[PDB]
> 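Once you've had a glance at the structure underneath, I'll fire off some questions.
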Amino acid sequence: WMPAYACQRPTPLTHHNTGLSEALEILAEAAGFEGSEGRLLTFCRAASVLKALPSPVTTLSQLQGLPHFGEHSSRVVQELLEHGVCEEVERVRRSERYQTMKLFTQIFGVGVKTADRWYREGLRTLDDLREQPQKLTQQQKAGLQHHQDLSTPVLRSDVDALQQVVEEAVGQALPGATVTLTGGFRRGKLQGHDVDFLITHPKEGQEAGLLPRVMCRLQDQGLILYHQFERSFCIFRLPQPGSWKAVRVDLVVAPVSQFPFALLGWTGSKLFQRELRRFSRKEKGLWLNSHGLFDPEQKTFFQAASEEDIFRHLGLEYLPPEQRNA
DNA sequence: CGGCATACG
DNA sequence: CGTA
DNA sequence: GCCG
Ligand SMILES: Nc1nc2c([nH]c(=O)n2[C@H]2C[C@H](O)[C@@H](COP(=O)(O)OP(=O)(O)OP(=O)(O)O)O2)c(=O)[nH]1
Ligand SMILES: [Mn+2]
Ligand SMILES: [Mn+2]
Ligand SMILES: [Mn+2]
Ligand SMILES: [Mn+2]
Ligand SMILES: [Mn+2]
Ligand SMILES: [Mn+2]
Ligand SMILES: [Mn+2]
Ligand SMILES: [Mn+2]
Ligand code: NA
């Protein structure tokens with residue numbers, strides 16, 4: 001059948017129900033904009049279920065028995081199957097509230113709470129925000145200045161270039177340290193909104209203090225347009241033909257003992273990790289995050305040398321990153 | 001009905 | 001509050 | 001919104 005947790009089934013990047021999943025994810029997004037995290041989760045999970053199916057849904061009957069499809073999500077699918085559009089979805093798409101909250105929350109440094117307050121205050125455009133910078137954090141000023149570049153898809157060419165310069169700085173910061181590409185590109189995506197890198201060292205403990213040294217070295221190369229420890233949310237200056245563009249890059253450091261858990265978490269998808277942690281706690285009684293896996297009965301952490309170890313600890317069939325596109 | 005992942009900056 |  |  002179809003299991004109820006996304007981490008129990010392979011989900012490929014491309015699939016056979018793209019239009020149906022896209023529509024449900026509009027409703028999930030809108031639910032988030034209104035603070036309804038429960039409805040967001042259900043709509044996300046229902047969309048993910050369709051991603052995992054082996055063929056296109058053609059008839060409403062094919063939804064019977066599928067987890068996370070109830071009256072609401074099935075009606076969305078029925079309208080799409082019958083009319084090619086779902087009236088609720090189209091109403092969301094063209095609502096001023098949805099459009100403005102999408103524009104605002106996609107600014108680096110702006111979340112749902114900030115976007116909602118700005119919306120209530122009457123603000124609607126990026127130029128509205130730029131007219132009174134005094135109301136902005138340093139992070140939001142950077143997100144607004146570079147917003148256009150940050151809206152341009154990051155390509156694989158860009159990733160190769162960025163990894164080499166990151167490796168150069170990491171190599172000077174700490175000989176022997178390694179750089180691993182994570183995030184959506186590791187799941188096989190050809191584009192991204194940013195690049196994610198996970199940094200470690202084979203000798204436990206030697207990675208301590210590493211990220212400041214890396215950042216200082218990238219800074220003195222003039223590559224850091226913005227940055228603010230274990231996680232650095234940066235904007236890199238990336239060369240382009242006769243120019244350059246700003247690119248969001250995340251750098252994260254973990255000791256080798258935690259590296260499998262950090263690799264798993266930063267490789268995503270977001271829904272996959274939420275479902276994996278939910279499964280861990282509620283089905284296995286184990287607590288999972290990007291640092292480790294904790295047995296609260298025996299008060300001990302599971303040692304893992306690989307992602308494969310973690311799936312085994314959780315009694316789940318192993319899924320390569322390419323099949324974690326929940 | 002309660003739950004809905006779980007961290008760091 | 002923001003970030004992943 | 002859906003599940004157990
Ligand atoms: N954006 C985000 N990522 C999260 C969260 N929680 C969590 O574990 N992650 C993990 C799973 C994500 O796939 C991974 C990388 O984050 P990301 O925003 O760069 O997403 P991504 O690489 O998959 O896709 P892209 O939008 O960057 O192209 O971090 C969260 O709340 N937000
Ligand atoms: Mn409804
Ligand atoms: Mn009809
Ligand atoms: Mn990413
Ligand atoms: Mn993104
Ligand atoms: Mn830590
Ligand atoms: Mn990222
Ligand atoms: Mn309730
Ligand atoms: Mn509800
Ligand atoms: Na944002």
Side-chain angles (χ1 to χ4, degrees), chain A residues 2-7 24-25 27-32 34-49 63 65-70 72-74 76-77 88 104-112 114-118 136-137 139-144 150 182-184 186 192-199 211-212 215 226-227 229-235 248-254 258 261-281 283-284 286-294 296 314 326:
Chain A
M2 169 85 59
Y5 291 87
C7 55
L24 292 161
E25 291 186 341
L27 305 183
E29 194 182 11
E34 308 309 307
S36 312
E37 283 288 319
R39 298 194 335 128
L40 171 147
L41 264 172
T42 281
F43 285 135
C44 286
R45 295 164 175 165
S48 201
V49 162
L63 297 183
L66 289 186
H68 307 294
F69 275 90
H72 202 122
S73 300
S74 305
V76 178
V77 168
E88 189 189 0
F104 283 174
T105 58
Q106 282 174 171
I107 302 169
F108 177 65
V110 180
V112 178
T114 299
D116 173 68
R117 178 165 61 68
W118 289 348
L136 299 178
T137 64
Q139 201 179 53
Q140 294 161 351
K141 286 163 154 175
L144 265 178
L150 294 201
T182 187
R186 185 168 179 248
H193 295 132
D194 79 355
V195 191
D196 309 282
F197 293 111
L198 176 58
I199 300 170
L211 202 43
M215 291 310 304
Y226 163 92
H227 78 128
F229 50 116
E230 314 185 337
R231 304 172 182 185
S232 296
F233 319 120
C234 317
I235 301 176
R248 276 275 294 106
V249 180
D250 285 335
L251 302 182
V252 49
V253 170
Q258 302 171 8
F261 302 94
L263 185 58
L264 181 60
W266 285 84
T267 296
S269 70
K270 177 173 173 170
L271 182 60
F272 193 94
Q273 296 307 306
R274 296 176 77 159
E275 293 277 285
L276 188 70
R277 294 173 188 193
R278 188 166 64 98
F279 176 91
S280 188
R281 173 177 282 263
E283 304 302 322
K284 302 301 171 175
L286 306 180
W287 302 348
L288 175 69
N289 66 14
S290 79
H291 287 69
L293 177 59
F294 187 67
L314 295 170

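Quick note on labels: first sequence line is chain A, next is B, and so on, each numbered from 1.
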> Under 4.0 Å, heavy atoms only, any strand: does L288(A) hit a base, just the sugar-phosphate, or nothing?
sugar-phosphate
> Using the ring of each side chain (for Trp, its six-membered ring), is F294(A) parallel, tilted or perpendicular to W287(A), with breaks at 30° and 60°?
tilted
> In whole angstrom, what separates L136(A)'s CG from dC1(C)'s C1'?
14 Å
> Residues two or more places apart in sequence or in another chain: which of them pass side-chain contact (heavy atoms from CB on, under 4.5 Å) with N289(A)?
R277(A), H291(A)
> Students often get this wrong, so: under 4.0 angstrom with heavy atoms, is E230(A) touching a base, only sugar-phosphate, or nothing?
sugar-phosphate
> Spell out yes or no: do the side chain of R231(A) and the base of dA7(B) have one donor N/O and one acceptor N/O closer than 3.5 Å?
yes
> Rounded to whole angstroms, how far apart are NE2 on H227(A) and P on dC8(B)?
21 Å
> What's the CG-P distance between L251(A) and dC8(B), to the nearest Å?
18 Å
> Check the distance between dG3(B)'s P and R274(A)'s CZ and give it to me in whole angstrom.
16 Å
> Where the side chain of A4(A) is concerned, which of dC2(D), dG4(D), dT6(B) is the nearest nucleotide?
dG4(D)
> Below the 4.0 Å mark, does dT6(B) have OP1 or OP2 next to a side-chain nitrogen or oxygen of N289(A)?
no
> Do any side-chain nitrogens or oxygens of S290(A) fall under 4.0 Å of OP1 or OP2 in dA4(C)?
no
> Would you please indicate if the ring centroids of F108(A) and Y226(A) are separated by under 6.0 Å?
yes
> Could you tell me which residues satisfy side-chain contact (heavy atoms from CB on, under 4.5 Å) with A326(A), sequence neighbours excluded, listed by chain and number?
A6(A), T11(A), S48(A), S269(A), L271(A), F272(A)
> OP1, OP2 of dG2(C) versus side-chain N and O of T114(A): anything below 4.0 Å?
yes
> Over how many whole Å does the gap from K270(A) atom NZ to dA7(B) atom P extend?
15 Å
> Starting from the 5' end of DNA chain B, give me the residue, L211(A) or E37(A), whose nearest nucleotide shows up first.
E37(A)
> Using only side-chain N and O atoms of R45(A), determine if any of them is under 4.0 Å from OP1 or OP2 of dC3(D).
no
